[PDB]
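The numbers in the numbering used here rise by one with no breaks, and the one at position 82 of the sequence shown is 390.
We put the beta carbon where it would ideally sit given N, CA and C, even for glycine.
As C-alpha cells, the structure follows; a few thoughts come after it.
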Amino acid sequence: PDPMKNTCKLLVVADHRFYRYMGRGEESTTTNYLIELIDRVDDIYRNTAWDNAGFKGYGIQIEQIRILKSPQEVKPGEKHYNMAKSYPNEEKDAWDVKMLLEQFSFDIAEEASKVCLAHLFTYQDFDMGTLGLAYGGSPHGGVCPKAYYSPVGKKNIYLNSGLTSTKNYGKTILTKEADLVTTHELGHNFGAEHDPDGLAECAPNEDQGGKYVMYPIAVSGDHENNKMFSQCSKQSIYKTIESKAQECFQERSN
Ligand SMILES: CC(C)C[C@H](CC(=O)NO)C(=O)N[C@H](C(=O)N[C@@H](C)C(=O)NCCN)C(C)(C)C
Ligand SMILES: [Zn+2]
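Okay, here's the thing in C-alpha cells:
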C-alpha cells in the first residue's frame with residue numbers, strides 16, 4: 309500500500325429533505341450526523357485487510373459537505389435532484405431510485421469530477437423497501453470519476469456516485485441501519501458485487517455469524533458478519549483498489 313494514496317475523498321451532499329427531516333433545519337445537526345456516519349463506515353473499510361494480510365488502511369474521508377437548505381427552483385419541464393417534487397410521480401413520497409441517481413450524477417457532474425466519490429444523502433421513502441443505489445460492482449462506475457456522455461443530458465456526467473435514504477416504510481431508519489446502507493452502496497463504488505447464495509463462504513447461515521454487508525437483502529442488522537465484507541467482496545475490492553488508488557486516492561487527513 310501507498311500511504312499517500314490510500315484515501316477516497318468524498319463530496320457528501322445533504323438534500324433539502326435530509327436537511328429538514330434528519331437535520332432539524334440546522335447545519336450543525338445535519339453535518340454531525342454525516343460526519344459520524346462516514347467515520348463509522350471508514351472504521352469498517354480502514355480496518356479491512358483486502359488481501360487478508362497487510363493490504364489495509366484504505367478508507368474514506370469527507371472533503372466537503374454540501375447542505376441544500378431549500379428545494380431547488382426549476383422551470384416547467386425541468387428537473388433537479390434537489391427539486392421539491394418527486395419524479396416521475398409527484399404523488400409518491402420518493403423519486404424512482406434509478407432516475408434519482410442519474411439526476412444527481414447529472415446535476416453534480418462538475419463537482420464530482422474533482423473528487424474520488426460523490427454521495428447523496430436524502431430522506432424519501434423509495435418503493436418496496438429500497439434504501440440506496442450506486443454505480444460500480446454491477447453484473448460501470450465507482451471510485452474515481454469516469455466520464456459517460458449523456459445523450460439526453462448533452463454533457464459528460466461521472467459515474468463516481470451513490471445515494472442513501474434514511475427513510476423507509478414511513479420512519480427514520482436506525483443509525484446502525486444507515487451505517488449498513490452507506491457501507492453497502494460505497495461497497496459497490498469500491499467494486500464489490502452482491503454476495504451470492506451459492507458461495508457459502510460469502511453468504512453464511514445465521515448460526516455462523518449471518519450475512520456480510522454486500523448481501524442483497526437488508527433485514528435485522530444485529531449479526532456479527534453484517535457489518536463486515538465477505539471474502540468475495542474483498543477479492544473484488546482488492547482488485548479495484550489496486551487499479552484505482554494511484555488514479556484518485558489521496559493521503560489520509562488529520
Ligand atoms: C443496504 C441494502 C441491502 C441495499 C439494497 C439495494 C442495493 O442493492 N443497493 O445497492 C436494498 O435496498 N435492499 C432492500 C431491502 O432488503 N430493504 C429492507 C430494509 C426492507 O425494506 N425489506 C422489506 C421489503 N419487503 C430490497 C431492495 C432487497 C427490498
Ligand atoms: Zn446492492
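Per-residue DSSP class, three states only, for residue i
i           : result
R560        : coil
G440        : strand
residue 294 : The shown model of the chain, from 309 to 562, leaves out residue 294, and the question about it has no answer.
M536        : coil
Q432        : coil
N464        : strand
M407        : helix
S551        : helix
Strand pairing of residue i, partner residues [DSSP]
i    : result
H427 : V320, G470
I373 : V320
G367 : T315
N476 : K479
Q380 : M391
Rounded straight-line distance, which links the Cα of residue j to that of residue i
i    : j    : result
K313 : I368 : 11 angstroms
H492 : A486 : 10 angstroms
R374 : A417 : 14 angstroms
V382 : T430 : 19 angstroms
Nearest to residue i (by Cα), restricted to the options the options
i    : options                : result
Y477 : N464, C424, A402, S421 : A402
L425 : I352, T338, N497       : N497
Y395 : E381, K383, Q411       : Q411
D435 : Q558, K462, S473, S378 : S473
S458 : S541, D415, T483       : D415
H324 : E371, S421, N534, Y389 : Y389
Close-in-space but distant-in-sequence residues of the same chain around residue i (CB under 6 angstroms, 5 per side omitted)
i    : result
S413 : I465, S469
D359 : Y546
Residues near residue i in its chain [Cβ-Cβ closer than 8 angstroms; skip 5 each side]
i    : result
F537 : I352, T356, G495, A500, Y520, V521, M522, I545
Close Cβ partners of residue i (< 7 angstroms) along its chain, the five nearest in sequence each way excluded
i    : result
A392 : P379
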